[PDB]
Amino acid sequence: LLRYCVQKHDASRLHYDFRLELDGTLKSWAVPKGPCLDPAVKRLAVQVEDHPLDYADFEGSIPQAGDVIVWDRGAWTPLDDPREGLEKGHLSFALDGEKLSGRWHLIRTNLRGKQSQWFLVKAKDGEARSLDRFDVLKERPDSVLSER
């Protein structure tokens, strides 16, 4: 029911935009090194501007940016009150995507003036993979909407 997408955004700095639908908008974080299935790997995720739901399907070119593709898409569900979680700086959730699945955490720093800084972390479960054995970004690098 609630939409999720990850867009690979080839701007000045390559990054991945991670988006979760909540209350009619896409809550969004820029994750410069991309999501990681390894629970030991914490990935910087900088909260950015909410986006409209239909952007979840957008592929094309963004002026200053560069090319955008939809790298993963699906649904998400919170495992605890998502509104309270966003406010308090911890979202626990599960993903039902093409590439990403299983349980995840977004955790915000409590440091005053660094409130935009979160970390996306894979939770330990059947979908976790060690980074030295499987890097999801390398193994499955294509658009899920437009490949070939």
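Just count from 1 along the sequence shown to find any residue number.
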query: Extent of unmodelled deposited sequence, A65 relative to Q64; finding: 4 to 9
query: Mean C-alpha B-factor comparison - 136-144 and 12-20, higher one; finding: 12-20
query: Of 36-44 and 80-88, the one with larger mean CA B-factor; finding: 80-88
query: Most elevated Cα B-factor in the entry, residues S116, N110, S28, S101; finding: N110
query: Entry-reported Cα temperature factor of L2, expressed as the chain third it lands in; finding: highest
query: B-factor third for the C-alpha atom of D50 within its chain; finding: middle
